[PDB]
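J.: Enclosed is the structure file data-v4.pdb (PDB, C-alpha atoms).
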```pdb
ATOM      1  CA  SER N   1      25.599  41.102 -45.258
ATOM      2  CA  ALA N   2      23.188  39.772 -42.602
ATOM      3  CA  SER N   3      19.754  40.605 -41.238
ATOM      4  CA  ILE N   4      18.806  40.216 -37.551
ATOM      5  CA  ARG N   5      15.575  38.365 -36.741
ATOM      6  CA  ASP N   6      13.986  36.007 -34.243
ATOM      7  CA  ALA N   7      15.090  32.411 -34.477
ATOM      8  CA  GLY N   8      12.674  29.766 -35.710
ATOM      9  CA  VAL N   9      12.766  25.991 -35.369
ATOM     10  CA  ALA N  10      14.429  25.691 -38.780
ATOM     11  CA  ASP N  11      17.365  27.725 -37.412
ATOM     12  CA  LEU N  12      18.161  25.176 -34.691
ATOM     13  CA  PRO N  13      20.463  22.946 -36.771
ATOM     14  CA  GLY N  14      22.534  25.988 -37.597
ATOM     15  CA  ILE N  15      22.518  27.221 -34.013
ATOM     16  CA  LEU N  16      23.459  23.756 -32.809
ATOM     17  CA  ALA N  17      26.530  23.700 -35.075
ATOM     18  CA  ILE N  18      27.769  27.077 -33.836
ATOM     19  CA  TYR N  19      27.087  26.026 -30.234
ATOM     20  CA  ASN N  20      29.015  22.767 -30.572
ATOM     21  CA  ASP N  21      31.909  24.438 -32.408
ATOM     22  CA  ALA N  22      32.266  26.840 -29.490
ATOM     23  CA  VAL N  23      32.085  23.929 -27.085
ATOM     24  CA  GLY N  24      34.880  22.085 -28.813
ATOM     25  CA  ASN N  25      37.157  24.899 -30.007
ATOM     26  CA  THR N  26      36.765  27.884 -27.642
ATOM     27  CA  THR N  27      36.519  29.141 -24.064
ATOM     28  CA  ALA N  28      33.156  30.761 -24.862
ATOM     29  CA  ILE N  29      31.237  27.913 -23.201
ATOM     30  CA  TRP N  30      32.710  26.318 -20.088
ATOM     31  CA  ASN N  31      31.584  22.839 -21.046
ATOM     32  CA  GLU N  32      33.448  20.219 -23.071
ATOM     33  CA  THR N  33      30.287  18.227 -23.850
ATOM     34  CA  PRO N  34      28.511  18.815 -27.179
ATOM     35  CA  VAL N  35      24.694  18.762 -27.178
ATOM     36  CA  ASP N  36      22.095  17.428 -29.620
ATOM     37  CA  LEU N  37      19.223  19.041 -31.490
ATOM     38  CA  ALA N  38      16.689  17.981 -28.869
ATOM     39  CA  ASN N  39      18.716  19.895 -26.336
ATOM     40  CA  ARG N  40      18.536  23.066 -28.378
ATOM     41  CA  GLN N  41      14.813  22.531 -29.095
ATOM     42  CA  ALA N  42      14.127  22.343 -25.362
ATOM     43  CA  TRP N  43      16.245  25.487 -24.842
ATOM     44  CA  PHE N  44      14.340  27.195 -27.695
ATOM     45  CA  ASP N  45      10.992  26.516 -26.039
ATOM     46  CA  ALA N  46      12.240  27.371 -22.536
ATOM     47  CA  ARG N  47      13.390  30.800 -23.739
ATOM     48  CA  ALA N  48      10.040  31.521 -25.331
ATOM     49  CA  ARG N  49       8.214  30.577 -22.132
ATOM     50  CA  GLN N  50      10.189  33.185 -20.221
ATOM     51  CA  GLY N  51       9.765  35.779 -22.920
ATOM     52  CA  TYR N  52      13.508  35.765 -23.590
ATOM     53  CA  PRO N  53      14.520  36.228 -27.247
ATOM     54  CA  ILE N  54      16.826  34.149 -29.397
ATOM     55  CA  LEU N  55      18.145  36.235 -32.288
ATOM     56  CA  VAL N  56      19.974  35.101 -35.422
ATOM     57  CA  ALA N  57      22.033  36.928 -38.063
ATOM     58  CA  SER N  58      21.010  35.324 -41.348
ATOM     59  CA  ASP N  59      22.224  35.823 -44.911
ATOM     60  CA  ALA N  60      20.525  35.575 -48.304
ATOM     61  CA  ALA N  61      20.710  31.772 -48.229
ATOM     62  CA  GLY N  62      19.018  31.836 -44.824
ATOM     63  CA  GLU N  63      22.128  30.423 -43.152
ATOM     64  CA  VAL N  64      22.640  31.163 -39.454
ATOM     65  CA  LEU N  65      25.838  33.257 -39.315
ATOM     66  CA  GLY N  66      25.497  33.877 -35.605
ATOM     67  CA  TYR N  67      23.007  34.015 -32.751
ATOM     68  CA  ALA N  68      22.417  35.700 -29.417
ATOM     69  CA  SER N  69      20.117  35.319 -26.446
ATOM     70  CA  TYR N  70      19.805  35.949 -22.743
ATOM     71  CA  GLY N  71      18.224  34.255 -19.760
ATOM     72  CA  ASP N  72      18.268  34.309 -15.942
ATOM     73  CA  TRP N  73      21.571  35.287 -14.350
ATOM     74  CA  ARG N  74      20.949  34.020 -10.808
ATOM     75  CA  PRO N  75      18.003  31.752  -9.745
ATOM     76  CA  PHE N  76      16.267  34.077  -7.251
ATOM     77  CA  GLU N  77      13.354  36.510  -7.612
ATOM     78  CA  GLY N  78      15.599  39.332  -6.444
ATOM     79  CA  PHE N  79      17.420  39.139  -9.785
ATOM     80  CA  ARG N  80      14.380  39.287 -12.061
ATOM     81  CA  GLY N  81      15.547  42.648 -13.428
ATOM     82  CA  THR N  82      18.868  41.131 -14.445
ATOM     83  CA  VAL N  83      19.676  38.773 -17.328
ATOM     84  CA  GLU N  84      22.884  37.114 -18.545
ATOM     85  CA  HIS N  85      23.337  37.176 -22.303
ATOM     86  CA  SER N  86      25.499  35.373 -24.834
ATOM     87  CA  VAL N  87      26.538  36.121 -28.436
ATOM     88  CA  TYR N  88      28.017  33.571 -30.851
ATOM     89  CA  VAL N  89      29.320  34.419 -34.311
ATOM     90  CA  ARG N  90      30.103  31.585 -36.741
ATOM     91  CA  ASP N  91      33.848  30.845 -37.004
ATOM     92  CA  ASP N  92      34.001  31.936 -40.646
ATOM     93  CA  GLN N  93      32.054  35.169 -40.103
ATOM     94  CA  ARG N  94      34.528  37.028 -37.916
ATOM     95  CA  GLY N  95      35.529  40.616 -38.750
ATOM     96  CA  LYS N  96      32.112  41.254 -40.312
ATOM     97  CA  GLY N  97      30.587  43.116 -37.378
ATOM     98  CA  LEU N  98      27.997  40.442 -36.660
ATOM     99  CA  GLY N  99      28.735  40.493 -32.941
ATOM    100  CA  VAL N 100      27.909  44.202 -32.764
ATOM    101  CA  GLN N 101      24.745  43.750 -34.833
ATOM    102  CA  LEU N 102      23.507  40.956 -32.565
ATOM    103  CA  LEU N 103      24.368  42.585 -29.250
ATOM    104  CA  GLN N 104      22.823  45.936 -30.250
ATOM    105  CA  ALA N 105      19.632  44.145 -31.261
ATOM    106  CA  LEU N 106      19.657  42.110 -28.051
ATOM    107  CA  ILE N 107      20.097  45.268 -25.974
ATOM    108  CA  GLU N 108      17.054  46.830 -27.593
ATOM    109  CA  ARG N 109      14.990  43.711 -26.849
ATOM    110  CA  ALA N 110      16.118  43.605 -23.223
ATOM    111  CA  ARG N 111      15.314  47.286 -22.693
ATOM    112  CA  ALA N 112      11.908  46.937 -24.370
ATOM    113  CA  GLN N 113      11.175  43.963 -22.076
ATOM    114  CA  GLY N 114      11.635  46.289 -19.119
ATOM    115  CA  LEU N 115      14.792  44.651 -17.782
ATOM    116  CA  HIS N 116      17.263  46.642 -15.697
ATOM    117  CA  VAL N 117      20.692  45.089 -16.250
ATOM    118  CA  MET N 118      22.420  42.830 -18.774
ATOM    119  CA  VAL N 119      25.414  40.820 -17.504
ATOM    120  CA  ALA N 120      28.117  39.262 -19.667
ATOM    121  CA  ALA N 121      30.359  36.523 -18.325
ATOM    122  CA  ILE N 122      33.488  36.547 -20.469
ATOM    123  CA  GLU N 123      36.639  34.412 -20.303
ATOM    124  CA  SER N 124      39.119  37.118 -19.274
ATOM    125  CA  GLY N 125      41.629  36.362 -22.015
ATOM    126  CA  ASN N 126      39.058  37.120 -24.707
ATOM    127  CA  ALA N 127      40.106  40.720 -25.415
ATOM    128  CA  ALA N 128      37.937  40.998 -28.546
ATOM    129  CA  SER N 129      34.759  40.103 -26.686
ATOM    130  CA  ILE N 130      35.578  42.420 -23.825
ATOM    131  CA  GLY N 131      36.360  45.231 -26.236
ATOM    132  CA  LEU N 132      33.099  44.760 -28.139
ATOM    133  CA  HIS N 133      31.192  45.045 -24.892
ATOM    134  CA  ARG N 134      33.131  48.098 -23.729
ATOM    135  CA  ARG N 135      32.297  49.880 -26.995
ATOM    136  CA  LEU N 136      28.595  49.175 -26.462
ATOM    137  CA  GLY N 137      28.502  50.687 -22.965
ATOM    138  CA  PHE N 138      29.286  47.654 -20.783
ATOM    139  CA  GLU N 139      31.567  48.188 -17.814
ATOM    140  CA  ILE N 140      33.779  45.691 -15.996
ATOM    141  CA  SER N 141      32.087  44.610 -12.763
ATOM    142  CA  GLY N 142      33.869  41.366 -11.960
ATOM    143  CA  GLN N 143      37.284  39.791 -12.327
ATOM    144  CA  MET N 144      37.518  36.287 -10.873
ATOM    145  CA  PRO N 145      40.790  34.256 -11.007
ATOM    146  CA  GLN N 146      40.724  30.499 -11.598
ATOM    147  CA  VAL N 147      36.980  30.072 -10.957
ATOM    148  CA  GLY N 148      36.757  27.817 -14.005
ATOM    149  CA  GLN N 149      38.619  25.298 -16.109
ATOM    150  CA  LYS N 150      38.705  23.882 -19.613
ATOM    151  CA  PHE N 151      41.276  22.101 -21.792
ATOM    152  CA  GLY N 152      43.057  21.150 -18.595
ATOM    153  CA  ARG N 153      43.894  24.697 -17.481
ATOM    154  CA  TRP N 154      42.383  27.219 -15.069
ATOM    155  CA  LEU N 155      40.357  30.034 -16.592
ATOM    156  CA  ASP N 156      39.563  33.496 -15.231
ATOM    157  CA  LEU N 157      36.111  35.057 -15.588
ATOM    158  CA  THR N 158      35.328  38.718 -16.320
ATOM    159  CA  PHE N 159      31.878  40.108 -15.572
ATOM    160  CA  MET N 160      30.644  43.148 -17.442
ATOM    161  CA  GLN N 161      27.274  44.844 -17.204
ATOM    162  CA  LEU N 162      25.007  47.462 -18.767
ATOM    163  CA  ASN N 163      22.265  49.294 -16.874
ATOM    164  CA  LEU N 164      19.394  49.458 -19.370
ATOM    165  CA  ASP N 165      17.463  52.177 -17.560
ATOM    166  CA  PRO N 166      19.751  54.163 -15.222
ATOM    167  CA  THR N 167      17.136  56.863 -14.623
ATOM    168  CA  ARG N 168      14.775  54.393 -12.964
ATOM    169  CA  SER N 169      15.604  54.982  -9.263
ATOM    170  CA  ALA N 170      13.548  52.019  -7.969
ATOM    171  CA  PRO N 171      12.190  48.787  -9.445
TER     172      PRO N 171
ATOM    173  CA  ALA R   1      28.551  27.254  20.366
ATOM    174  CA  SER R   2      29.825  24.105  18.664
ATOM    175  CA  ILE R   3      29.757  23.315  14.946
ATOM    176  CA  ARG R   4      28.345  20.048  13.596
ATOM    177  CA  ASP R   5      26.711  18.576  10.482
ATOM    178  CA  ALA R   6      23.014  19.274  10.223
ATOM    179  CA  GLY R   7      20.548  16.465  10.831
ATOM    180  CA  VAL R   8      16.911  16.231   9.774
ATOM    181  CA  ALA R   9      16.003  17.371  13.298
ATOM    182  CA  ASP R  10      17.792  20.674  12.626
ATOM    183  CA  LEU R  11      15.644  21.603   9.629
ATOM    184  CA  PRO R  12      12.940  23.357  11.616
ATOM    185  CA  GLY R  13      15.593  25.576  13.211
ATOM    186  CA  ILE R  14      17.264  26.179   9.866
ATOM    187  CA  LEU R  15      13.846  27.008   8.388
ATOM    188  CA  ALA R  16      13.147  29.663  11.011
ATOM    189  CA  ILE R  17      16.518  31.313  10.347
ATOM    190  CA  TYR R  18      16.060  31.122   6.597
ATOM    191  CA  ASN R  19      12.577  32.680   6.721
ATOM    192  CA  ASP R  20      13.710  35.354   9.178
ATOM    193  CA  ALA R  21      16.386  36.369   6.641
ATOM    194  CA  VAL R  22      13.828  36.282   3.818
ATOM    195  CA  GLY R  23      11.592  38.757   5.616
ATOM    196  CA  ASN R  24      14.118  40.927   7.351
ATOM    197  CA  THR R  25      17.458  40.935   5.513
ATOM    198  CA  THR R  26      19.282  41.287   2.189
ATOM    199  CA  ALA R  27      21.037  37.955   2.801
ATOM    200  CA  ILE R  28      18.489  36.144   0.665
ATOM    201  CA  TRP R  29      17.190  37.877  -2.434
ATOM    202  CA  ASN R  30      13.697  36.341  -2.303
ATOM    203  CA  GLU R  31      10.722  37.834  -0.490
ATOM    204  CA  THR R  32       8.658  34.647  -0.272
ATOM    205  CA  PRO R  33       9.122  32.292   2.701
ATOM    206  CA  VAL R  34       9.608  28.585   2.101
ATOM    207  CA  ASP R  35       8.184  25.604   3.957
ATOM    208  CA  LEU R  36       9.767  22.631   5.717
ATOM    209  CA  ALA R  37       9.361  20.453   2.615
ATOM    210  CA  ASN R  38      11.360  22.998   0.619
ATOM    211  CA  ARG R  39      14.254  22.868   3.098
ATOM    212  CA  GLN R  40      14.035  19.067   3.296
ATOM    213  CA  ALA R  41      14.433  18.885  -0.487
ATOM    214  CA  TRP R  42      17.381  21.318  -0.193
ATOM    215  CA  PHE R  43      18.862  19.154   2.567
ATOM    216  CA  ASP R  44      18.548  16.080   0.359
ATOM    217  CA  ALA R  45      19.936  17.792  -2.737
ATOM    218  CA  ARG R  46      23.029  18.799  -0.752
ATOM    219  CA  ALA R  47      23.577  15.323   0.715
ATOM    220  CA  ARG R  48      23.210  13.894  -2.804
ATOM    221  CA  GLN R  49      26.036  16.155  -4.094
ATOM    222  CA  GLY R  50      28.161  15.491  -1.045
ATOM    223  CA  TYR R  51      27.938  19.171  -0.054
ATOM    224  CA  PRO R  52      27.874  19.961   3.683
ATOM    225  CA  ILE R  53      25.299  21.792   5.760
ATOM    226  CA  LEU R  54      26.717  22.832   9.128
ATOM    227  CA  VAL R  55      24.888  24.255  12.123
ATOM    228  CA  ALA R  56      26.105  26.158  15.166
ATOM    229  CA  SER R  57      24.366  24.562  18.140
ATOM    230  CA  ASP R  58      24.308  24.470  21.935
ATOM    231  CA  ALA R  59      23.798  21.545  24.321
ATOM    232  CA  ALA R  60      19.986  21.862  24.005
ATOM    233  CA  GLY R  61      20.624  21.239  20.317
ATOM    234  CA  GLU R  62      19.102  24.546  19.262
ATOM    235  CA  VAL R  63      20.175  25.863  15.826
ATOM    236  CA  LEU R  64      21.929  29.190  16.408
ATOM    237  CA  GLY R  65      23.134  29.468  12.831
ATOM    238  CA  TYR R  66      23.984  27.417   9.760
ATOM    239  CA  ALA R  67      26.155  27.398   6.646
ATOM    240  CA  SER R  68      26.495  25.416   3.440
ATOM    241  CA  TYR R  69      27.656  25.628  -0.160
ATOM    242  CA  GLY R  70      26.639  24.419  -3.569
ATOM    243  CA  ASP R  71      27.334  24.928  -7.237
ATOM    244  CA  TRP R  72      28.060  28.523  -8.226
ATOM    245  CA  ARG R  73      27.354  28.408 -11.986
ATOM    246  CA  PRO R  74      25.636  25.518 -13.911
ATOM    247  CA  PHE R  75      28.521  24.384 -16.142
ATOM    248  CA  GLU R  76      31.010  21.537 -15.708
ATOM    249  CA  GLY R  77      33.815  24.069 -16.103
ATOM    250  CA  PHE R  78      33.000  25.532 -12.702
ATOM    251  CA  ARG R  79      33.204  22.184 -10.878
ATOM    252  CA  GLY R  80      36.154  23.418  -8.812
ATOM    253  CA  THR R  81      34.084  26.350  -7.524
ATOM    254  CA  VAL R  82      31.222  26.569  -5.012
ATOM    255  CA  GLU R  83      29.132  29.444  -3.663
ATOM    256  CA  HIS R  84      28.569  29.372   0.081
ATOM    257  CA  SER R  85      26.236  31.123   2.514
ATOM    258  CA  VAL R  86      26.311  31.682   6.250
ATOM    259  CA  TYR R  87      23.306  32.553   8.379
ATOM    260  CA  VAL R  88      23.444  33.518  12.055
ATOM    261  CA  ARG R  89      20.195  33.770  14.004
ATOM    262  CA  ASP R  90      19.529  37.450  14.680
ATOM    263  CA  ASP R  91      19.931  37.359  18.480
ATOM    264  CA  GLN R  92      23.196  35.439  18.131
ATOM    265  CA  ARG R  93      24.956  38.141  16.106
ATOM    266  CA  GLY R  94      28.140  39.612  17.536
ATOM    267  CA  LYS R  95      29.233  36.371  19.179
ATOM    268  CA  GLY R  96      31.559  35.061  16.509
ATOM    269  CA  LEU R  97      29.266  32.299  15.275
ATOM    270  CA  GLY R  98      29.709  33.520  11.703
ATOM    271  CA  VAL R  99      33.477  33.078  11.957
ATOM    272  CA  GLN R 100      33.045  29.636  13.511
ATOM    273  CA  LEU R 101      30.725  28.541  10.725
ATOM    274  CA  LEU R 102      32.746  29.946   7.823
ATOM    275  CA  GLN R 103      36.008  28.531   9.178
ATOM    276  CA  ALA R 104      34.386  25.118   9.437
ATOM    277  CA  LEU R 105      32.977  25.417   5.896
ATOM    278  CA  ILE R 106      36.357  26.424   4.483
ATOM    279  CA  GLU R 107      38.015  23.397   6.048
ATOM    280  CA  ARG R 108      35.302  21.153   4.661
ATOM    281  CA  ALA R 109      35.597  22.633   1.162
ATOM    282  CA  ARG R 110      39.395  22.250   1.196
ATOM    283  CA  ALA R 111      39.143  18.658   2.459
ATOM    284  CA  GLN R 112      36.713  18.000  -0.410
ATOM    285  CA  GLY R 113      39.436  19.070  -2.825
ATOM    286  CA  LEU R 114      37.523  22.131  -4.048
ATOM    287  CA  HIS R 115      39.401  25.069  -5.605
ATOM    288  CA  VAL R 116      37.453  28.301  -5.024
ATOM    289  CA  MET R 117      34.732  29.517  -2.660
ATOM    290  CA  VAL R 118      32.568  32.377  -3.901
ATOM    291  CA  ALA R 119      30.529  34.726  -1.738
ATOM    292  CA  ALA R 120      27.810  36.956  -3.212
ATOM    293  CA  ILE R 121      27.247  39.698  -0.634
ATOM    294  CA  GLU R 122      24.816  42.631  -0.689
ATOM    295  CA  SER R 123      27.257  45.569  -0.930
ATOM    296  CA  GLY R 124      26.010  47.464   2.142
ATOM    297  CA  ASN R 125      26.589  44.496   4.406
ATOM    298  CA  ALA R 126      29.975  45.590   5.784
ATOM    299  CA  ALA R 127      29.711  43.053   8.600
ATOM    300  CA  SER R 128      29.536  40.180   6.122
ATOM    301  CA  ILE R 129      32.249  41.612   3.874
ATOM    302  CA  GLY R 130      34.542  42.014   6.888
ATOM    303  CA  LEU R 131      33.876  38.487   8.099
ATOM    304  CA  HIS R 132      35.041  37.141   4.735
ATOM    305  CA  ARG R 133      37.984  39.495   4.374
ATOM    306  CA  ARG R 134      39.365  38.384   7.707
ATOM    307  CA  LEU R 135      39.147  34.762   6.575
ATOM    308  CA  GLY R 136      41.129  35.325   3.405
ATOM    309  CA  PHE R 137      38.436  36.352   0.930
ATOM    310  CA  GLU R 138      39.271  39.049  -1.612
ATOM    311  CA  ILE R 139      36.790  41.360  -3.358
ATOM    312  CA  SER R 140      36.432  40.247  -6.973
ATOM    313  CA  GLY R 141      33.472  42.244  -8.209
ATOM    314  CA  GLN R 142      31.086  45.117  -7.597
ATOM    315  CA  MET R 143      27.814  44.807  -9.534
ATOM    316  CA  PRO R 144      25.378  47.711  -9.063
ATOM    317  CA  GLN R 145      21.573  47.407  -9.140
ATOM    318  CA  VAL R 146      21.637  43.745 -10.243
ATOM    319  CA  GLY R 147      19.130  42.846  -7.550
ATOM    320  CA  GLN R 148      16.034  44.211  -5.830
ATOM    321  CA  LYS R 149      14.230  43.745  -2.526
ATOM    322  CA  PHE R 150      12.073  45.820  -0.191
ATOM    323  CA  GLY R 151      11.241  47.962  -3.181
ATOM    324  CA  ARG R 152      14.805  49.157  -3.829
ATOM    325  CA  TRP R 153      17.717  48.254  -6.110
ATOM    326  CA  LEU R 154      20.520  46.281  -4.436
ATOM    327  CA  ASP R 155      24.232  46.073  -5.327
ATOM    328  CA  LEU R 156      26.140  42.794  -5.212
ATOM    329  CA  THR R 157      29.735  42.458  -4.094
ATOM    330  CA  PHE R 158      31.580  39.270  -5.020
ATOM    331  CA  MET R 159      34.423  37.903  -2.912
ATOM    332  CA  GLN R 160      36.440  34.733  -3.285
ATOM    333  CA  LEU R 161      38.924  32.481  -1.530
ATOM    334  CA  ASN R 162      41.331  30.226  -3.412
ATOM    335  CA  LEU R 163      41.563  27.077  -1.290
ATOM    336  CA  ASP R 164      44.688  25.700  -3.010
ATOM    337  CA  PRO R 165      46.815  28.535  -4.435
ATOM    338  CA  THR R 166      49.717  26.212  -5.216
ATOM    339  CA  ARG R 167      47.618  24.005  -7.499
ATOM    340  CA  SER R 168      48.667  25.566 -10.774
ATOM    341  CA  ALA R 169      46.478  23.358 -12.942
ATOM    342  CA  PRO R 170      43.277  21.314 -12.501
TER     343      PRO R 170
END
```
Could you write out this file's structure as structure tokens?

T.:
Amino acid sequence: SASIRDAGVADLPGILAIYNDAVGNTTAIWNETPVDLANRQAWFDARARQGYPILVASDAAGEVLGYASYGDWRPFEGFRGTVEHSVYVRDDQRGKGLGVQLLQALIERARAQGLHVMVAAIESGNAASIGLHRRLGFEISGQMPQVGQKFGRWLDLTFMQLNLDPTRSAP
Amino acid sequence: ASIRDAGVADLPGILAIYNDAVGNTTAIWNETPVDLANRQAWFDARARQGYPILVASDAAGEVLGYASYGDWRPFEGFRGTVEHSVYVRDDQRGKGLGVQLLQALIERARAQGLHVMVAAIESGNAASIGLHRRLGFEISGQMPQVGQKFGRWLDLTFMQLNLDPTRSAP
């Protein structure tokens, strides 16, 4: 069982581990270079400055079982109503619905912040991640062949999105 | 018009085109004009990365249009992919300068050993979508209301061209 809450500085070591595990063992991050704590501390502060949340799923021991966050999608003012999010569940916490918990909480935050669209960039072969998003209302909006690479092979990218306030006809 | 690499002397002309697009089109999703310094820094950033900036020019050396490309997404895994842009001065539209510029860019990207060129086009811009389609680009995404300008929501269409289809692995 896990509770969803805002991340604090003491959560960074845990977040760092999950981040680096994904970097080394998955196609969730299209980087093969692990980062250090200072890197995550800078990221932590940068998110706060933009008013973007960093959420963690923590257990009784206070261990970080997963985390989620979102930030700018494209670097132009025209996209200020759109954010790209990410969800990472610890390798030993799969099948426990933590991904759903985190994304649902993240969606509520994004909507409350007055954002218009959330975009997910998912390695196309990741059926589980795509399925989780589909179940939460996200629709496929991009399918790009060989735009990336990792582990010495080309990777395809799938874009999915959720309109947080479809009844708002204009910004 | 002839295509050539941009020089510092071309920045004022590029600036005018850029700011015209900022205030009049959906080609640039920003509503604030930039200054010469801004485009000089952009010019230098490109040169630093080895990325080209081409201009369509006449004998008088006037900038009739320009094109360039840079990183698409900020992760090493996308190093084989670049996002490009093509801008034709308003009065020079309908003269094939866009085709000239994009063709030149494509050849440059291929010669640089790049793998994929990505175009992010405002969905209602059929002219731009057609230009790309006729040069081998394929639609790869339709993202509604992900942008905004002129007080309205804008849709983004993604298109892409694989520069080396036979290269099965990086």

J.: Would you tabulate, counting all atoms listed in the file, all residues of chain N that have an atom at most 9 Å from an atom of chain R, showing the closest pair of atoms and their distance in Å to one decimal, sorted by chain then ascending number, as a tab-separated table?

T.:
```
residue	atom	partner	partner_atom	distance
N:29	CA	R:75	CA	8.3
N:30	CA	R:77	CA	4.7
N:31	CA	R:76	CA	5.5
N:32	CA	R:76	CA	7.9
N:33	CA	R:76	CA	8.8
N:74	CA	R:73	CA	8.6
N:76	CA	R:30	CA	6.0
N:77	CA	R:30	CA	5.3
N:78	CA	R:29	CA	4.6
N:79	CA	R:147	CA	4.7
N:80	CA	R:147	CA	7.5
N:81	CA	R:147	CA	6.9
N:82	CA	R:146	CA	5.7
N:83	CA	R:146	CA	8.9
N:116	CA	R:146	CA	7.6
N:117	CA	R:146	CA	6.2
N:118	CA	R:146	CA	8.6
N:119	CA	R:146	CA	8.7
N:140	CA	R:141	CA	8.5
N:141	CA	R:142	CA	5.3
N:142	CA	R:141	CA	3.9
N:143	CA	R:140	CA	5.4
N:144	CA	R:140	CA	5.7
N:145	CA	R:140	CA	8.4
N:146	CA	R:116	CA	7.7
N:147	CA	R:81	CA	5.8
N:148	CA	R:78	CA	4.6
N:149	CA	R:77	CA	5.0
N:150	CA	R:77	CA	6.0
N:152	CA	R:170	CA	6.1
N:153	CA	R:169	CA	5.4
N:154	CA	R:169	CA	6.0
N:155	CA	R:77	CA	8.9
N:159	CA	R:141	CA	7.8
N:160	CA	R:143	CA	8.6
N:161	CA	R:143	CA	7.7
N:163	CA	R:145	CA	8.0
N:169	CA	R:153	CA	7.7
N:170	CA	R:152	CA	5.2
N:171	CA	R:152	CA	6.2
```

J.: Can you write out the residues you just picked, keeping C-alpha atoms, as a short mmCIF file (atom, residue, chain, number, x, y, z; two decimals), in the frame of the given file?

T.:
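Output file result_24.cif is given in full below:
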```cif
data_model
loop_
_atom_site.label_atom_id
_atom_site.label_comp_id
_atom_site.auth_asym_id
_atom_site.auth_seq_id
_atom_site.Cartn_x
_atom_site.Cartn_y
_atom_site.Cartn_z
CA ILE N 29 31.24 27.91 -23.20
CA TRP N 30 32.71 26.32 -20.09
CA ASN N 31 31.58 22.84 -21.05
CA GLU N 32 33.45 20.22 -23.07
CA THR N 33 30.29 18.23 -23.85
CA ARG N 74 20.95 34.02 -10.81
CA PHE N 76 16.27 34.08 -7.25
CA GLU N 77 13.35 36.51 -7.61
CA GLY N 78 15.60 39.33 -6.44
CA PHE N 79 17.42 39.14 -9.78
CA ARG N 80 14.38 39.29 -12.06
CA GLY N 81 15.55 42.65 -13.43
CA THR N 82 18.87 41.13 -14.44
CA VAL N 83 19.68 38.77 -17.33
CA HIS N 116 17.26 46.64 -15.70
CA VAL N 117 20.69 45.09 -16.25
CA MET N 118 22.42 42.83 -18.77
CA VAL N 119 25.41 40.82 -17.50
CA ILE N 140 33.78 45.69 -16.00
CA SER N 141 32.09 44.61 -12.76
CA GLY N 142 33.87 41.37 -11.96
CA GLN N 143 37.28 39.79 -12.33
CA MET N 144 37.52 36.29 -10.87
CA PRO N 145 40.79 34.26 -11.01
CA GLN N 146 40.72 30.50 -11.60
CA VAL N 147 36.98 30.07 -10.96
CA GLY N 148 36.76 27.82 -14.00
CA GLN N 149 38.62 25.30 -16.11
CA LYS N 150 38.70 23.88 -19.61
CA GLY N 152 43.06 21.15 -18.60
CA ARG N 153 43.89 24.70 -17.48
CA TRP N 154 42.38 27.22 -15.07
CA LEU N 155 40.36 30.03 -16.59
CA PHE N 159 31.88 40.11 -15.57
CA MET N 160 30.64 43.15 -17.44
CA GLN N 161 27.27 44.84 -17.20
CA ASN N 163 22.26 49.29 -16.87
CA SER N 169 15.60 54.98 -9.26
CA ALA N 170 13.55 52.02 -7.97
CA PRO N 171 12.19 48.79 -9.44
#
```

J.: Taking into account only C-alpha atoms, which residue in the set N:124, N:113, N:167, N:101 is nearest to residue 51 in chain N?

T.: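 Closest candidate: N:113.
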
J.: Pick out the closest residue to residue 93 in chain R from this set: R:27, R:64, R:129, R:9. Count only C-alpha atoms.

T.: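 Under the stated criterion, the closest residue is R:64.
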
J.: Please measure the separation of CA of residue 132 in chain N and CA of residue 108 in chain N, giving the value in Å to one decimal.

T.: 16.2 Å

J.: Starting from the PyMOL selection byres ((chain R and resi 33) around 9), expand the selection into actual residues of this file and give them as a list in words.

T.: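 That expression, the PyMOL selection byres ((chain R and resi 33) around 9), corresponds here to residues 18, 19, 20, 22, 23, 30, 31, 32, 34 and 35 of chain R.
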
J.: Any idea what the distance is between CA of residue 41 in chain R and CA of residue 104 in chain R?

T.: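 These two atoms are separated by 23.1 Å.
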
J.: May I have the residues within 10 Å of residue 50 in chain N as a list in words, using all atoms listed in the file and disregarding those fewer than 5 positions away in the same chain?

T.: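 Contacts, in chain order: residues 45, 71 and 72 of chain N.
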
J.: Which residue out of R:99, R:11, R:1, R:16 has the minimum interatomic distance to residue 60 in chain R when all atoms listed in the file are used?

T.: R:1

J.: Running the PyMOL selection byres ((chain R and resi 52) around 9) on this model by hand, what would come out? Give it as a list in words.

T.: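 This file, filtered by the PyMOL selection byres ((chain R and resi 52) around 9), leaves residues 5, 6, 46, 47, 49, 50, 51, 53, 54, 67, 68, 69, 70, 105, 108 and 109 of chain R.
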
J.: Can you measure CA of residue 97 in chain R to CA of residue 8 in chain R for me? One decimal in Å is fine.

T.: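 Separating CA of residue 97 in chain R from CA of residue 8 in chain R is a distance of 21.0 Å.
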
J.: Once the PyMOL selection byres ((chain N and resi 88) around 10) has been applied to the shown file, what residues remain in the selection, as a list in words?

T.: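 Answer for the PyMOL selection byres ((chain N and resi 88) around 10): residues 15, 18, 19, 22, 28, 56, 57, 65, 66, 67, 68, 69, 86, 87, 89, 90, 91, 98, 99, 102 and 103 of chain N.
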
J.: Restricting the calculation to only C-alpha atoms, which member of R:111, R:119, R:59, R:101 is positioned closest to residue 133 in chain R?

T.: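 Checking each candidate against residue 133 in chain R, we get R:119 as the closest.
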
J.: I need the residue nearest residue 38 in chain R from this list: R:14, R:127, R:106, R:21. Use all atoms listed in the file for the distance.

T.: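 Smallest separation from residue 38 in chain R among the options: R:14.
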